[PDB]
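To begin, one chain is listed below as structure tokens, in the form deposited in one PDB entry.
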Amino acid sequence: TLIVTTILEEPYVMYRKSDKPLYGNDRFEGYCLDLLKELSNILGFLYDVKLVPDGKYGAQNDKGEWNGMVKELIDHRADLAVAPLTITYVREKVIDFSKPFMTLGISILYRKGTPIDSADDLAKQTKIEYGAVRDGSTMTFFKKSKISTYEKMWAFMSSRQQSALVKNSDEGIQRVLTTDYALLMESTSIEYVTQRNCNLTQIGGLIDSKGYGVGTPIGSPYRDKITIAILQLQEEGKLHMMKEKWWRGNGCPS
């Protein structure tokens, strides 16, 4: 019954590995699939997980058109977007969100051992290239900012958009590992990467503070039910357990 739009993004949504045959929903796994399971059992709904065709989170182009999971909701093509979808004021204008299931902030993924310590440092040089995932909320934060440092950074990433803006986080990560590039990435995803790719680290602190919410078309009769369910899972300690399960690891030596 319910159509769920989502996007590949480790460890939130990933393709499951099995020698066995996977049917529909079982093709996927991750933090967001476990959350989506909880939600369907608590609220009593059936659902069909569909990956967003353009593989984008969602941004409004200059024409005024949206793409990504946000457009799927606006156009009523999906009933819910269950993904690390960031809650922002530009999106609240066109779709609804549940209270957040996880908090995060934009920060920087880069290599260890360099003199770079802040966005300010990146803004003050051009040797190191830097950017964010195209049509993501990080890119939009930079595009719409009136703060000097971030305007200068947007001017830089914008002029190089074809190299600076990446298709997705996986591409951004490979770019940091193999070229002199820093990715503007959400903190939770940075935490995940840096406990595996031990030559990478977070640079500086968090640039902002926000959260991931389940998206719904404006006025959906599931928004509040979902908000209530998430808030209750939080209070029962089940979201912490989910987080530990997907982020758990041996880490890296210092």
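In this text, residue numbers run from 1 along the sequence as written.
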{"property": "Mean C-alpha B-factor comparison - 157 to 165 and 130 to 138, higher one", "result": "157 to 165"}
{"property": "Entry-level comparison of average CA B-factors, 113 to 121 and 99 to 107, reporting the higher stretch", "result": "113 to 121"}
{"property": "Highest recorded Cα temperature factor - choice among 189, 199, 227, 61", "result": "61"}
{"property": "Criterion, highest CA B-factor; candidates, 211, 53, 215, 30", "result": "53"}
{"property": "Residue 39 CA temperature factor, ranked by third within the chain", "result": "middle"}
{"property": "Third assignment of residue 241 from its chain's C-alpha B-factors", "result": "highest"}
{"property": "Residue 70 - Cα temperature factor, lowest/middle/highest third of chain", "result": "middle"}
{"property": "Modelled-residue ranking by C-alpha temperature factor, third containing residue 235", "result": "lowest"}
{"property": "Modelled-residue ranking by C-alpha temperature factor, third containing residue 87", "result": "lowest"}
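Below, we refer to the form deposited in another entry, which is not included among the displayed structures.
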{"item": "Where one rigid part turns on another between the shown form and the other one: hinge among 208, 174, 27, 167", "value": "208"}
